Amino acid sequence: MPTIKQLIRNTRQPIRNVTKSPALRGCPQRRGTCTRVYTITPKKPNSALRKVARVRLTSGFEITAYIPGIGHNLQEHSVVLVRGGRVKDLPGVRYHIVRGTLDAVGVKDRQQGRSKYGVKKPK
Amino acid sequence: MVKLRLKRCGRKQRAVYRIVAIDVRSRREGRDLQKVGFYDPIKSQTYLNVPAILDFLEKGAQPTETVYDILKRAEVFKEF
Amino acid sequence: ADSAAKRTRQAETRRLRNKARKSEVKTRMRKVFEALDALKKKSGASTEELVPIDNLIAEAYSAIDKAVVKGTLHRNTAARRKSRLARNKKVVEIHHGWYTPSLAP
Amino acid sequence: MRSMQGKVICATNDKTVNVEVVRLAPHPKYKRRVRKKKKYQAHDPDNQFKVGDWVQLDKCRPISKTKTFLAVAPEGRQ
RNA sequence: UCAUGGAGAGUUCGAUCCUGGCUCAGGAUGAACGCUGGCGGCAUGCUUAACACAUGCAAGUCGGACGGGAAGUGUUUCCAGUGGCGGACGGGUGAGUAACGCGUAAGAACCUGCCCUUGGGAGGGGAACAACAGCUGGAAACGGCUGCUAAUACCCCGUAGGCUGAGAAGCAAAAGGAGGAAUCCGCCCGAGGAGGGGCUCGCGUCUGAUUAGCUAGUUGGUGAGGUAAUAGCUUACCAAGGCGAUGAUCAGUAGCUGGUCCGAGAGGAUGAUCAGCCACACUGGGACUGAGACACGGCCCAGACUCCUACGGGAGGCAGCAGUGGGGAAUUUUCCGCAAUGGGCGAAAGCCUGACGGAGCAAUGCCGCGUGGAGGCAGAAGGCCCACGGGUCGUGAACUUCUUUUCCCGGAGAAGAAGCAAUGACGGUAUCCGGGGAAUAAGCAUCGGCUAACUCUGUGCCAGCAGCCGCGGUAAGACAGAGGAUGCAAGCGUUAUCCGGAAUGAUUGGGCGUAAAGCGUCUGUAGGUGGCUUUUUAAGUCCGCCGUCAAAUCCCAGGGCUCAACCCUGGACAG
């Protein structure tokens, strides 16, 4: 790439920081409607039953979001609040569900790091 | 014309005023050909820059009320 | 009526001045129309030229009458009256420019 | 300001000449000196310019949409 | 002297070097959510649906222009109407607009009420139109005949350093009011200036060639018109031009800039509040008056939509401030005041300003402050862990004294307001003085490596965690709990967006034998670069001077708020 004419045509441009969440497309976290609350398995090295809610969003997408924590109240057609963040083990799950927010209760009996799970103080 | 007038330049409850000779149609905090004067009503000085006020009053930009009152404190008024 | 009108008062006065200015600009178009009309006739078939200019000059004076009168009232700026009086005397200078008054710079 | 000297392109219009104006310009991000051509319509009531002569453009009153210059002559100090 | 700036780590492999990608450590948000929440100062507060809008208010004023009437009994306050300016400013939003719209820098063909300077003028007449009185139509909204009236309201004649025209010639104006006067505010015609606009042009102004031709008032010329002014602005005829592979045309996106944030730097992204310019005002399209609009709260028409109707018809534009509803993860009070400041009007008095000045709510942000200070036998009670010796929570607490920022209970009490006095929404706020009293006040992440912090109990590829690597199949420094520790602190975390790191788009700063990559080779157009000497102009280049790049911001130095944040004054390199 000489300074003359292969480069005052253009070098090229890198695209963007590609969006790591194609939904949520305004901004960070977005209200959701539960459609399925099924349970899938990770890839080969792990072994678990991870419990994800496939959730329709208010944006216009439908997307399978993970449910953190131990206990979960989430039945059919409830309302959640999804956020970004890639669960590695599950192919397709791109998102999380916030706990302690609207119609998704905090986890049962947790006393270490409660702000990630929406549990008020005991004691 | 131009109307020599103050503009509020300070925080809340402060009232540090500039004397600017802007066109009268502008909003009260706009832009000037030459920002001539100062007025600090709490307690401080008032730089005036007499030759430029005589330039604009010599041209005929009438001032407002209290700008004229500041101009009546000092002996600025000469009709030449 | 209401205690404050303030803009319908405007629109009333705008209706009135619409009537007056519409009307008397139309008077100006009529008198310029007659001047250019008779000039067209004496360009067409007159056969004696330096004599009948008194009528064209008379109606042209009425044209300069209503032109400048409507220059006094605010419906015509300067360089409107200048452009149209200059228009009429362009036309007169052309009708004499074809023929018997010889004019050269 | 400056005039804009430049070659006459094609004068198949009365009182009207197209003029290439060649202008060096620093390209912004990369620091060379790229030429850009821009051709204009100039006025001449004399229309005494053939193809290929080179004139100087000076701003005047706009004559048409594009014709906003009249070109007379360069100085010629070699 | 200048320098005030550049950090790495993990992951390919049994290991090693390397290329290369991902991920993190750093800042910033107009932010959102979770947990927790003492105060103060200053900012900020629909990013989304330019999506509809209930209610009130957001633009008036002038009786010293004029006529009437309606309270008060010579005297004054008001008033619908005709007039005068103001409604084109101020406020709000960014849908459009890739374009002289903006930014910067020149130019000539113009206009300009209010504002200064300046030369001259204001004789004479006359007709009505509102108002009003009567009749009458309508639920309302509005009207309709009949008469009448005044003026700074209209019309005519004369007169004019103006205009038209080559000249000849013609053409054109006025208004009075206040006051006893004095005089002042005016009016008409000119001539300048300032400021404000209207135009034109150089340069800068996003991506896409899987959009290659476009353009026929199109690009010129003349004549006729037109505009405040130049102009295909418009029209008839003639010429065939004009733009484009340096991206025309089309499609898509986007208000722009002082600036903000990042970066060592070059520059990358972006345009909230602050400020300047543009555009829009329910969606479209028109014109009217005025100096100035094609006018947010003007008019007329069409379209869609909501309200009223007595069914014939009317009325309406919150993207003004507050507010409601919807959408959204998410953005407030249907507040006080014209005291200041700035507008508009008026001779003044004053009036009106949801601009603006304040107040309220919200840790939304930046800054400051507190939750105690000093001592505390090294003796006890307890949690957790222990080679059962003990260790550690731990001077921590308990406990003794000191103090009161804050808290409560009382007193005082501002400037802000302008030399005639009076004039404060804020507010009895800020600040100060006195009386108790440690009293009223600490959480949230993390502890496998990056990355500071670790052991124990339970679970047994389950529950789960996770930013990347990956932990989890019986003793887990990675899950869950406890203890302890770490880092932060009225905050702490997660997420999203942007830059850094990233030399991972490279001018500074990369590569092409084998890692991704040299066309199969060759001719050659456009274009790019180019031998030596001498001479000339100076376009580039360099130096001086000058103009400008608004103010605010950033940098330096002072100054003010008890400091800081923030505010203010002056100065300037760059470029």
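Can you tell which of A:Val79, A:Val105, A:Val18 shows the greatest fluctuation in a Gaussian network model of chain A with Cα springs below 10 Å? Among A:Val79, A:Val105, A:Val18, the largest mean-square fluctuation in the Gaussian network model of chain A belongs to A:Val18. With the cut-off at under 15 Å, measuring from each backbone N in segment B:17-45 to a point 7 Å along the Cα-to-Cβ line of B:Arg8 picks out B:17-18, B:27-30, B:41-42. Neighbour counting of Cβ atoms within 10 Å sorts the residues A:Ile8, A:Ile70, B:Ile53, fewest neighbours leading, into A:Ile70, A:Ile8, B:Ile53. Once you order the gyration tensor axes a ≥ b ≥ c over the Cα atoms, which shape class does chain A get: rounded for a/c under 1.5, otherwise prolate or oblate by comparing a/b with b/c? It comes out prolate by the Cα gyration axes. The distance separating the Cα centre of segment D:7-30 from that of segment A:92-122 comes to 70 Å. Label-to-label distance, C:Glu48 versus A:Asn10, with points set 7 angstrom from Cα along the beta-carbon direction: 8.4 nm. In segment D:1-56, what is the count of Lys pairs whose alpha carbons are under 24 Å apart, counting only pairs at least 8 residues apart or on separate chains? Taking segment D:1-56 as the scope, the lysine pair count is 16. Label-to-label distance for A:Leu102 and A:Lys20 is 2.6 nm, based on points extended 7 Å past Cα in the beta-carbon direction.
Ignoring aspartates and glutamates fewer than eight residues from C:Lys40 along the same chain, the ones with Cα atoms less than 16 angstrom from its Cα are C:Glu48, C:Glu49, C:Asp54, C:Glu59, C:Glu93. Against the main long axis of the alpha-carbon atoms of chain C, helix C:8-44 sits at an angle near 10°.
Go ahead and run the numbers for FRET between D:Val34 and D:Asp14, Cβ-Cβ distance against an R0 of 30 Å, rounding to 0.05. Efficiency for this residue pair is about 0.30. Cα centroids of segment B:51-80 and segment B:1-47: how far apart, whole angstrom? Here the two parts' Cα centres lie 14 Å apart. Straight Cα distances below 14 angstrom link A:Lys123 to the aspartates and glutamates A:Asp109, with same-chain residues fewer than 8 positions distant left out. Other residues lying with their Cβ under 9 Å from the Cβ of A:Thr58 contribute a combined charge of +3, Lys and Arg counting +1, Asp and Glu -1. Is the shape of chain B rounded, prolate or oblate, going by the alpha carbon gyration tensor and its root eigenvalues a ≥ b ≥ c, with a/c under 1.5 for rounded and a/b larger than b/c for prolate? Verdict is oblate for chain B. Taking label points 7 Å from Cα along the Cα-to-Cβ direction, D:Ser64 and D:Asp46 give a separation of 2.1 nm. For A:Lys121, the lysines whose Cα comes closer than 24 Å to its Cα, not counting residues fewer than 8 places off in the same chain, are A:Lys108. Subtracting the Cα-Cα distance of C:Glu34 and C:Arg80 from their residue separation scaled by 0.36 nm leaves 14.6 nm. Let a ≥ b ≥ c be the square roots of the eigenvalues of the Cα gyration tensor of the protein assembly as shown; is it rounded (a/c under 1.5), or, if not, prolate (a/b larger than b/c) or oblate? Prolate is the answer for the protein assembly as shown, as a/c is 1.5 or above and a/b outweighs b/c.
A short reminder: the numbers here are calculations on the coordinates, not readings from a lab. Ideal geometry is used to build each Cβ from the backbone, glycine not excepted, and the neighbour counts take in all protein chains shown.
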